[PDB]
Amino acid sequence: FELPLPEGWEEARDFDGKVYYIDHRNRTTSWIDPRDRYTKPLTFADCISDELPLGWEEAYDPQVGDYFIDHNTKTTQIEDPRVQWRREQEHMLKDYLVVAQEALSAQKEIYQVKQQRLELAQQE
């Protein structure tokens, strides 16, 4: 479907003849189509589309419910592969993060040791 302009917006033309958008409610103007927020990626890493990738299929079993077929690998599974992707993507980063924290924690420690050790000597 083609979205219509939200309530109380207006198109206008520049001298140039370019289109811009008048938002009367807020007494503002813009080069940006307001419905672009729904139809445009919001980042060079964003995709609006959540299509299953080539070879995957949605399926419904009356006993078991929704499930997914992977024709690439002659496989079926319950879990949305998209969801499991995002999960194990995140789990990858979330512990890649935690090792870096472990690293600094140690290296900060290895120099705190050179001081703390020199300290106990006085206690003699």
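Residues carry their position along the shown sequence, with the first being 1.
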query	finding
104 to 112 versus 9 to 17 - which carries the larger mean C-alpha B factor in the record	104 to 112
Average Cα temperature factor in the PDB entry - higher stretch of 22 to 30, 42 to 50	42 to 50
Identity of residue with top Cα B-factor, from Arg82, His71, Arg35, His91	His91
Entry-reported Cα temperature factor of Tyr96, expressed as the chain third it lands in	highest
